[PDB]
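Colleague:
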Amino acid sequence: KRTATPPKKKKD
Amino acid sequence: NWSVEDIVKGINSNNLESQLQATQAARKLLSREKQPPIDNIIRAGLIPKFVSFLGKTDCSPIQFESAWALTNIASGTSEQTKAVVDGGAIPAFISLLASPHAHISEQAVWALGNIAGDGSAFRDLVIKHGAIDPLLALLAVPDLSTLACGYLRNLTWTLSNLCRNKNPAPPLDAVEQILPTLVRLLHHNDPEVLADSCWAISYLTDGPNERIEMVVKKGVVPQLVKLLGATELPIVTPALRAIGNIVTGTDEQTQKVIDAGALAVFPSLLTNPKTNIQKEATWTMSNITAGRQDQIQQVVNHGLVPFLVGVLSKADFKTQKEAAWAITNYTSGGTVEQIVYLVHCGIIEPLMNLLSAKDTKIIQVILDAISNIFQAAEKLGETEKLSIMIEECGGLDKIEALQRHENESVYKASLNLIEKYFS
Numbered sequence: 124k125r126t138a139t140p141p142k143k144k145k146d
Numbered sequence: 075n076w077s078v079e080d081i082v083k084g085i086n087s088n089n090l091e092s093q094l095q096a097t098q099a100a101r102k103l104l105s106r107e108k109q110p111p112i113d114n115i116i117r118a119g120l121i122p123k124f125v126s127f128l129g130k131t132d133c134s135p136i137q138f139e140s141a142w143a144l145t146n147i148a149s150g151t152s153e154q155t156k157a158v159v160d161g162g163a164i165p166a167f168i169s170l171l172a173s174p175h176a177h178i179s180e181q182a183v184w185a186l187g188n189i190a191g192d193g194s195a196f197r198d199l200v201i202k203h204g205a206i207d208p209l210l211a212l213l214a215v216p217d218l219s220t221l222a223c224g225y226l227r228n229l230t231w232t233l234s235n236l237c238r239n240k241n242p243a244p245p246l247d248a249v250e251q252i253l254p255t256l257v258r259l260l261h262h263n264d265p266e267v268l269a270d271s272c273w274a275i276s277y278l279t280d281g282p283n284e285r286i287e288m289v290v291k292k293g294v295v296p297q298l299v300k301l302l303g304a305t306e307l308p309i310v311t312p313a314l315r316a317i318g319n320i321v322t323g324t325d326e327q328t329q330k331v332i333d334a335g336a337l338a339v340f341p342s343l344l345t346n347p348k349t350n351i352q353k354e355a356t357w358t359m360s361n362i363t364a365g366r367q368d369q370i371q372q373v374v375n376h377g378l379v380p381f382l383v384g385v386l387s388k389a390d391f392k393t394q395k396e397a398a399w400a401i402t403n404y405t406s407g408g409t410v411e412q413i414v415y416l417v418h419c420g421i422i423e424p425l426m427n428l429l430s431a432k433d434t435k436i437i438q439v440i441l442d443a444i445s446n447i448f449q450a451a452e453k454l455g456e457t458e459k460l461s462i463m464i465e466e467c468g469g470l471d472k473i474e475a476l477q478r479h480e481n482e483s484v485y486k487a488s489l490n491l492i493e494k495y496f497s
């Protein structure tokens with residue numbers, strides 16, 4: 124065995 | 075459209091209403107779309123003033139405006155979020171979380187979400203100040219439907235960021251404190267809440283098998299499969315990532331995934347128009363074929379071997395690489411009967427055609443797979459037929475050319491094969 139929503143978001 | 079100097083003049087006055095007007099002007103200025111003046115606002119030294127305004131219980135509007143402004147500042151580079159944090163904003167926002175005015179508390183949730191989304195250090199710092207208790211208290215209602223849509227979406231995204239990032243991973247106690255509400259949110263009907271919850275579960279499943287076990291013990295795998303069958307790509311992507319991370323662990327966790335019914339969805343995932351979906355599905359298949367022979371046989375029963383042959387025949391080169399990995403794991407861990415079935419599905423020709431590539435790792439993977447198939451043939455005494463087959467498709471030339479490859483392992487494998495079975 125082996126081995138996206140924005141982290142920051144502004145308003146307006 | 076005030077100037078920074080006018081905002082400073084207004085905030086520095088001794089009039090609460092003038093300060094409110096200047097803070098609203100600052101908010102509107104930092105809410106613009108084209109290059110908001112975050113750095114100039116920081117240099118003016120306005121962050122401490124906004125943090126102080128956060129505590130004006132008697133003037134809710136100034137609280138709201140300063141919260142909005144600080145939120146938009148913390149939404150930028152790590153340095154600007156660091157400025158916000160150095161202003162002392164975390165405890166003030168955590169205090170605001172319990173405001174009687176809903177928009178103020180929502181803005182506090184937003185700001186804390188940004189701060190935690192910065193990275194691991196600020197995430198753990200937000201947790202240490204005690205935000206999880208009030209945050210989850212905001213969601214402690216009989217029916218989440220009574221809450222406003224935007225409020226719930228912001229809360230879910232903030233929690234998802236509190237579950238995000240690695241090196242180090244979130245503290246285990248915090249994950250245990252958050253997981254029940256995350257499961258309750260994973261059953262909500264809003265698509266954005268569902269996508270954020272699936273991303274949170276994805277983050278929590280990325281790591282050692284103990285974290286995976288934490289998540290799976292909550293019994294969320296069936297819901298993750300259901301969402302894997304969703305129409306909205308924003309939901310399917312995180313769900314697929316979470317299921318893959320779950321199957322990267324123990325064979326029992328992979329088997330819980332299988333029992334949930336995940337394989338039934340893969341015929342569409344392995345043909346999904348989105349390249350990333352196909353790649354992730356093929357990687358999940360590669361980690362499932364590395365499991366028990368019972369699990370390999372379940373891959374077979376669901377008719378997924380022809381889909382792997384197809385991906386190997388035509389797909390993005392990275393998906394083809396994942397497919398070669400899946401085939402090599404299958405051959406290494408599979409029975410003679412399963413390797414024979416795989417040959418009968420038409421693996422030899424595509425697997426050979428992929429030996430003409432320029433990636434040494436895949437060439438090695440393919441030659442190892444062929445070594446395993448030749449071993450099975452020896453078990454059945456069909457080495458000569460397999461040799462004839464690898465010849466007719468034009469593979470022998472590829473192997474004898476690889477005999478002249480700069481890499482040492484390629485040289486050795488190509489020779490070994492040529493001399494053992496083709497001479």
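The listed protein sequences correspond, in order, to chains C and A. Under the authors' numbering, the residues of the first sequence are numbered 124 to 126, 138 to 146, in order. Under the authors' numbering, the residues of the second sequence are numbered 75 to 497, in order. We put the beta carbon where it would ideally sit given N, CA and C, even for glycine.
Go ahead and pull the three-state DSSP assignment for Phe-448(A).
Modeller: Here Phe-448(A) sits in helix by DSSP.
Colleague: Have a look at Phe-167(A), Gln-477(A) and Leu-236(A) and flag the residue whose alpha-carbon is nearest the alpha-carbon of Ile-252(A).
Modeller: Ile-252(A) has its Cα closest to that of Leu-236(A), out of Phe-167(A), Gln-477(A) and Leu-236(A).
Colleague: Spell out whether any CB of chain C is found under 7 Å from the CB atom of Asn-346(A).
Modeller: Not an interface residue.
Colleague: List, from N- to C-terminal side, the alpha helix (DSSP H) runs of 4 residues or more that fit wholly inside the segment 368-399 of chain A.
Modeller: Runs of the alpha helix (DSSP H) inside the segment 368-399 of chain A: 379-387.
Colleague: What is the DSSP secondary structure of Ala-100(A), reduced to helix, strand or coil?
Modeller: Helix.
Colleague: Given a cut-off of 7 Å on the beta-carbon distance, is the pair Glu-139(A) and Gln-98(A) in contact?
Modeller: Going by C-beta atoms, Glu-139(A) is nearer than 7 Å to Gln-98(A).
Colleague: Note down, one range per segment and in chain order, each alpha helix (DSSP H) of at least 4 residues found wholly within the segment 283-313 of chain A.
Modeller: 283-291 and 295-302, all fully within the segment 283-313 of chain A.
Colleague: Could you tell me the alpha carbon to alpha carbon distance between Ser-461(A) and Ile-320(A), rounded to whole angstroms?
Modeller: Cα-Cα distance, rounded: 39 Å.
Colleague: Applying a beta-carbon distance threshold of less than 9 Å, which residues of chain C neighbour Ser-406(A)?
Modeller: Under the 9 Å cutoff, chain C gives no residues; its nearest Cβ is about 12 Å from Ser-406(A).
Colleague: Please list the partners that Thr-279(A) has in chain C, where partner means a Cβ-to-Cβ separation under 8 Å.
Modeller: Within 8 Å Cβ-Cβ: nothing; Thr-279(A) doesn't reach chain C, min ~11 Å.
Colleague: Mind reading off the beta-carbon distance from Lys-330(A) to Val-290(A)? Whole number of angstroms is fine, and I expect it under 8 Å.
Modeller: Indeed, because the Cβ distance is near 6 Å, the residues count as touching under 8 Å.
Colleague: Taking the continuous alpha helix (DSSP H) assigned at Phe-496(A), which residues delimit it?
Modeller: Segment: none, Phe-496(A) is in no alpha helix (DSSP H) and carries neither H nor E.
Colleague: Chain C beta carbons: is any one of them nearer than 7 Å to that of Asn-361(A)?
Modeller: Yes, its Cβ sits closer than 7 Å to a Cβ of chain C.
Colleague: Is it right to say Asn-114(A) is buried, meaning 16 or more other beta carbons lie within 10 angstroms of its own, or is it exposed?
Modeller: Per the 10 Å Cβ criterion, exposed.
Colleague: How close, in whole Å, do the beta carbons of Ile-112(A) and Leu-104(A) come, if the pair is a contact with beta carbons under 8 Å?
Modeller: About 6 Å separates the two Cβ atoms, so the contact holds.
Colleague: For the alpha helix (DSSP H) holding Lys-432(A), just list the boundary residues, first then last.
Modeller: It is not in any alpha helix (DSSP H) - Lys-432(A) carries neither H nor E in the DSSP assignment.
Colleague: Beta carbon of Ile-275(A), beta carbon of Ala-243(A): below 7 Å?
Modeller: No, the pair does not count as a contact, with Cβ atoms beyond the cut-off.
Colleague: So what's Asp-198(A) in DSSP terms, helix, strand or just coil?
Modeller: Note: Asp-198(A) maps to helix in three-state DSSP.
Colleague: Please return the same chain residues whose Cβ sits closer than 8 Å to the Cβ of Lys-83(A), not counting the five positions on each side in sequence.
Modeller: Contacts found: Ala-96.
Colleague: Spell out whether any CB of chain C is found under 7 Å from the CB atom of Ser-149(A).
Modeller: Closer than 7 Å: yes.
Colleague: What is the rounded straight-line gap between the Cα of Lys-388(A) and the Cα of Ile-436(A)?
Modeller: So the alpha carbons of these two residues sit roughly 16 Å apart.
Colleague: Please state whether the Cβ-Cβ distance between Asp-192(A) and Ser-152(A) is less than 7 Å.
Modeller: Yes, these two residues count as a Cβ contact at 7 Å.
Colleague: Hey, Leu-260(A) and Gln-297(A): beta-carbon distance below 7 Å or not?
Modeller: Yes. Within cutoff.
Colleague: Cβ closer than 9 Å: which chain C residues qualify as neighbours of residue 501(A)?
Modeller: Coverage of chain A is limited to positions 75 through 497, which leaves residue 501(A) absent and any answer about it impossible.
Colleague: State buried or exposed for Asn-88(A), treating a residue as buried only when at least 16 other CB atoms are found within 10 Å of its CB.
Modeller: When all chains shown are included, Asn-88(A) counts as exposed.
Colleague: I believe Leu-476(A) touches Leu-429(A) by the beta-carbon criterion, under 8 Å. Please report the beta-carbon distance rounded to the nearest angstrom.
Modeller: Confirmed, Cβ separation roughly 7 Å.
Colleague: For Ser-105(A), which residues in chain C fall below 8 Å Cβ to Cβ?
Modeller: Chain C residues near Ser-105(A): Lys-144, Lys-145 and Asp-146.
Colleague: Do you know how far the Cα of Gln-372(A) is from the Cα of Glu-107(A)?
Modeller: Roughly 52 Å between the two C-alpha positions.
Colleague: Tell me the rounded alpha-carbon separation between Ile-168(A) and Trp-184(A).
Modeller: So the two alpha carbons sit approximately 11 Å from each other.
Colleague: When you compare each of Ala-355(A), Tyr-415(A) and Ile-370(A) to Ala-397(A) by their alpha carbons, which one comes out closest?
Modeller: Out of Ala-355(A), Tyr-415(A) and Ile-370(A), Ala-355(A) has the C-alpha closest to the C-alpha of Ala-397(A).
Colleague: What's the C-alpha gap between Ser-483(A) and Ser-342(A)?
Modeller: Approximately 37 Å between the Cα atoms of the pair.
Colleague: Mapping the DSSP letters down to three states, classify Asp-80(A) as helix, strand or coil.
Modeller: In this structure, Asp-80(A) counts as helix in the three-state DSSP scheme.
Colleague: Spatial neighbours of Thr-349(A) within its chain, please: C-beta separation below 6 Å, excluding the five flanking residues on both sides.
Modeller: Answer for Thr-349(A): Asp-390, listed in chain order.
Colleague: Within 7 Å (strictly less), CB to CB, does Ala-397(A) reach chain C?
Modeller: No, no contact with chain C.
Colleague: Please report how far the alpha carbon of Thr-363(A) lies from the alpha carbon of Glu-326(A), in whole angstroms.
Modeller: Going from the Cα of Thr-363(A) to the Cα of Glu-326(A) covers about 14 Å.
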